[PDB]
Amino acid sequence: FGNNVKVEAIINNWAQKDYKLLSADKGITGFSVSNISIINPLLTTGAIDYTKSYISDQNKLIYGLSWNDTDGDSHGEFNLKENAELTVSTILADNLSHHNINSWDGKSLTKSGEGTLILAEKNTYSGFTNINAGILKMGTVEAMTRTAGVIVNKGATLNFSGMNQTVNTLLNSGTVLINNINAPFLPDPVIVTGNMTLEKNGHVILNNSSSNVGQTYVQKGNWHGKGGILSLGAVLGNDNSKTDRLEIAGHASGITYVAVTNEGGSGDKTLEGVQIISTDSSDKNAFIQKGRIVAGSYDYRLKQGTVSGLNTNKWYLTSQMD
């Protein structure tokens, strides 16, 4: 019955189109839901709110997603505060509503703020996926098959959670994680359908913990390097060394730096080399070693093709004593 009735609405998993929060008989009680403001604790303080509250004809307060607004207030941005985690379990589709105050194309999703957004439905939106800050985390396979393209800014993260995804085009200036840091080992390859562009200071991480050597990332598309870093883990020994592996279904061009972490390998001689990357075809120096790789008494060097010159579409680590 306060003049300014403020309600905190906690929805960590948005699993319906909209939610009925409050209702009352205004004539009998004089309690009007128009006099209510809904506080969103997951929202970065002072940011555009991804929710919208509507007042029905009968003094009922409904809570909806700004994404779905049809009254000119729609937008595609989720600005989540640090340590906040929102799971969206409703389908985000293109919004045909009329041009709006936020000049939103009705198609593109923008992830902002330091928190985590989890896409748990098979969304159909066809605009870009702008990951400007924080973490966009996959909660289902094929969460955004129609996206025009995925853009990862420096300091932001795309976490596949070990689940296959279609990205179509992936412009990575930040971190692409195969799965959560310190998550259990993944036996199945993660298949990312689309073309990769790896910008300088960007990272593709296959070694998400020190005990997970032997995971496989498949870029089902081309791979164009512009100075960014591929991180792999390996138990460095002979040609049988356990290692993470990158598989590129198309053409590898430009330059990608390769950072290898030895996890307990004691070093050994490689007869032909430890295969770490496969491609349909690779340009000269498409991959270049980042820094020195040593295990025990052996130094390892990245090579295109095996010691004897075979499979020049694949990339190997070869050792020698020093």
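Sequential numbering from 1, following the sequence displayed.
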query: Can you tell me which stretch has the higher mean Cα B-factor, 300 to 308 or 16 to 24?
result: 16 to 24
statement: Taking the deposited Cα B-factors and averaging over 278 to 286 and over 62 to 70, the higher mean is found in 62 to 70
- prompt: Among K107, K137, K220, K200, which carries the highest Cα B-factor?
  reply: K107
field: Candidate set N212, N102, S231, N79 [ranked by C-alpha B-factor, highest]
entry: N102
query: Should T270 be placed in the lowest, middle or highest third of its chain by the C-alpha B factor in the entry?
result: lowest
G254 - which third its CA temperature factor falls in, relative to the rest of the chain: lowest
field: Assigned third (lowest, middle, highest) for the C-alpha B factor of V260
entry: lowest
- request: Relative to the other modelled residues of the same chain, rank the CA B-factor of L96 and answer lowest, middle or highest third.
  value: highest
Assigned third (lowest, middle, highest) for the C-alpha B factor of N179: lowest
